[PDB]
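**Q** Shown below is the structure under consideration.
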Amino acid sequence: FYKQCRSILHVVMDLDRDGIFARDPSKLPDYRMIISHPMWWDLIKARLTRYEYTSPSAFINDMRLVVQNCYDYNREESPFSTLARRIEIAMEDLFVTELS
Amino acid sequence: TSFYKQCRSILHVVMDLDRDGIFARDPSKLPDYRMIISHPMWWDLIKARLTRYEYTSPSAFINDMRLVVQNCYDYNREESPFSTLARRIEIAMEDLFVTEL
């Protein structure tokens, strides 16, 4: 299932044109006070290279955390949240298509 | 009355408060940024304008400084974590404009 997970991560990383969810967000204002488990695409990619995921569900957990953290940190009306919803719809549909 | 010395020092204070340079560089590639924000502004652009003598009065410098933080409120919404940092910066620069300019 790693080939499929790697392929899905490549899709969301391309959808995120400016890479706003790609790098460590922990230095953003009050990020560590608000978000319990920061997550970002480059960490998920590294976890795939390190074989940390033993099931598709474990990869899906971390992918879901990136977009849920966006909604918990940013306002609903923010274009960051607009983009995260598009990414969420795309990746959730690809999980069903490729990993179920 | 002279003002460049004070504008430079206020800009230095603000750029030091913005520890990770959240508002220092061009934000125009952020999602839908040009659709939402008509006039993007950032600290490095204000610094370049000071260097190029583009300000002929303190009011023009104040306008650009206020624009950075108002653009943050408009893009991220007023009550948001990005806007909390911009508000602390706005508070600082308004406390210094009254006193220095």
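How things are named: the first chain in the structure tokens is A, the next is B, and so on; residues count from 1 in each chain; ligands count from 1 in the order shown.
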Taking only C-alpha atoms into account, find every residue of chain A that has an atom no more than 10 Å from chain B, and write it out as a list in words.

**A**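 The contacting residues on chain A are residues 16, 17, 18, 19, 20, 27, 28, 29, 30, 31, 34, 73, 74, 75, 76, 77, 78, 79, 80, 81, 82 and 83 of chain A.
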
**Q** Enumerate the residues of chain B with a DSSP assignment of helix (DSSP H, G or I), computed from the backbone, and present them as JSON, numbers by chain.

**A** {"B": [4, 5, 6, 7, 8, 9, 10, 11, 12, 13, 14, 15, 16, 17, 33, 34, 35, 36, 43, 44, 45, 46, 47, 48, 49, 50, 51, 58, 59, 60, 61, 62, 63, 64, 65, 66, 67, 68, 69, 70, 71, 72, 73, 74, 75, 76, 81, 82, 83, 84, 85, 86, 87, 88, 89, 90, 91, 92, 93, 94, 95, 96, 97, 98, 99, 100]}

**Q** Of the candidates B:92, B:16, B:37, B:23, which shows the shortest atom-to-atom distance to residue 71 in chain B, using only C-alpha atoms?

**A** B:37

**Q** Name the residues in contact with residue 100 in chain A at a cut-off of 10 Å, using only C-alpha atoms, excluding same-chain residues fewer than 5 positions from it; report them as a ChimeraX atom specification.

**A** /A:56-57,94-95

**Q** Rounded to one decimal in Å, what is the spacing between CA of residue 98 in chain A and CA of residue 60 in chain A?

**A**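 Taking CA of residue 98 in chain A and CA of residue 60 in chain A, their separation equals 11.8 Å.
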
**Q** Kindly assemble as a Markdown table a list of the range 61-96 of chain A residues that lie within 7 Å of range 35-45 of chain A, each paired with its nearest atom pair and their distance in Å to one decimal, using only C-alpha atoms, sorted first by chain and then by ascending residue number.

**A**
```
| residue | atom | partner | partner_atom | distance |
| --- | --- | --- | --- | --- |
| A:62 | CA | A:39 | CA | 6.9 |
| A:65 | CA | A:39 | CA | 6.4 |
| A:66 | CA | A:39 | CA | 5.3 |
| A:69 | CA | A:35 | CA | 6.5 |
| A:73 | CA | A:35 | CA | 7.0 |
```

**Q** Kindly export the residues of the current selection with C-alpha atoms, as a compact mmCIF listing (two decimals), in the first residue's frame.

**A**
```
# COMPACT_ATOMS: atom_id res chain seq x y z
CA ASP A 62 -1.66 11.73 9.81
CA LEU A 65 -4.50 15.63 11.09
CA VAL A 66 -2.99 18.15 8.64
CA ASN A 69 -5.25 21.14 12.45
CA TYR A 73 -5.96 26.90 13.92
```

**Q** Could you tell me how far CA of residue 4 in chain B lies from CA of residue 67 in chain B, in Å and to one decimal?

**A** 18.7 Å
